[PDB]
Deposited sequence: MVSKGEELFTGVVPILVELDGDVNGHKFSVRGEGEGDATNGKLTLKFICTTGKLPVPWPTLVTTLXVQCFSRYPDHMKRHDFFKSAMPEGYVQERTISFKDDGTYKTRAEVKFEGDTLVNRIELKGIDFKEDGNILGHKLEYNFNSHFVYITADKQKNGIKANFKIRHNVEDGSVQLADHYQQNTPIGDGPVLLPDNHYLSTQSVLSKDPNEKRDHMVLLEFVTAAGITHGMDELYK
C-alpha cells in the first residue's frame, strides 16, 4: 500500500453518531501526506449543532497517514492493508463519565482514502464535561501504544487521551482499539511500537456552521 501513500492523498470522513439518544452526522474533507505524517481536514456537523465537544471526536474522525521511518517501514500495519482497507474499533471510556463505542471502515475508494464511522455513546451524565460542554477547544500530544494480535491477524492499540477542561482539570478518555484487515491477505504484524501524535484545532472564519479545522502530525517510533 506504500506506493499509495507517496505524495498527497485526498480524504473523506463520514461519521454517524448517537450519544445518549442525540443523533448526528459529521462529514470531513481534506488531504493527507504520509511522507511527512501530516493531515489537514475540515469537518462539518451536517445536521446542526454538535451535541458534544468537537475534541472528543478527534481520535474517531486515519492512522494510515502516520509517517513511518524507513527503518520501521515493515511494521506499518496500517498501510500494508490498503487499498482494501481495515476495520477500526474502539472503546473510549471517559473517566467518571460515559463511553463511546466506535466502528469505522478505512480504505480507498478510487483515489480518496475514506473513513466511514458509526459511533454510539452511552451512560453520559447530563451536564458532565462532555454533555455539559466544559472542554477546551484544543488538544494535547499523545502516545499510541501498538502491539500485534496474532489471532485476529491484526493489531491492538491502547492510549489515554487528555482533554483540557474549562476549570483546568483533565478529562481522561481511555482508548482501547482493535484493527483487523478487510481484504484477503497475511498483512504486516508488528512488534511493539508507538505513534507520536500532535494535533491543532482551529476555526474557519467564513464558515457559518459548526465545524472543526484539524491539523495533525503523526510519526511512528519505538523501534531502532
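In sequence order, the deposited residues that have no C-alpha coordinates form the ranges 1-4, 66, 230-237.
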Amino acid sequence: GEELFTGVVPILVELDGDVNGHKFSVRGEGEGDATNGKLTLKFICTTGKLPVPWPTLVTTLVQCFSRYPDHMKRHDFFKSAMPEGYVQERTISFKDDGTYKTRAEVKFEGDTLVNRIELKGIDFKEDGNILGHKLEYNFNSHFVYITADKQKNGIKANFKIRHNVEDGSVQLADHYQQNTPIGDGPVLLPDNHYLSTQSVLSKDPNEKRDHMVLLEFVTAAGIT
From here on, numbers count along this sequence of modelled residues.
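If you average the C-alpha B-factors over 63-71 and over 170-178, the higher value belongs to 63-71. With 109-117 and 94-102 compared on mean CA B-factor from the PDB entry, the stretch scoring higher is 109-117. Highest C-alpha temperature factor among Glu136, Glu84, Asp123, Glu89, as the PDB entry reports it: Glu84. Based on the entry's C-alpha B-factors, the most elevated value among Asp204, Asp18, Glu216, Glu14 belongs to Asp204. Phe78: CA B factor in the middle third of modelled residues in this chain (values from the PDB entry).
Per the deposited record, the Cα B-factor of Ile130 falls in the lowest third when ranked against the other modelled residues of its chain.
When the CA B factors of the chain's modelled residues are split into thirds, the value for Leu57 lands in the lowest one.
Among the modelled residues of the chain, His163 sits in the lowest third by CA temperature factor in this PDB entry. When all modelled residues of the chain are sorted by CA temperature factor, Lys23 is found within the lowest third.
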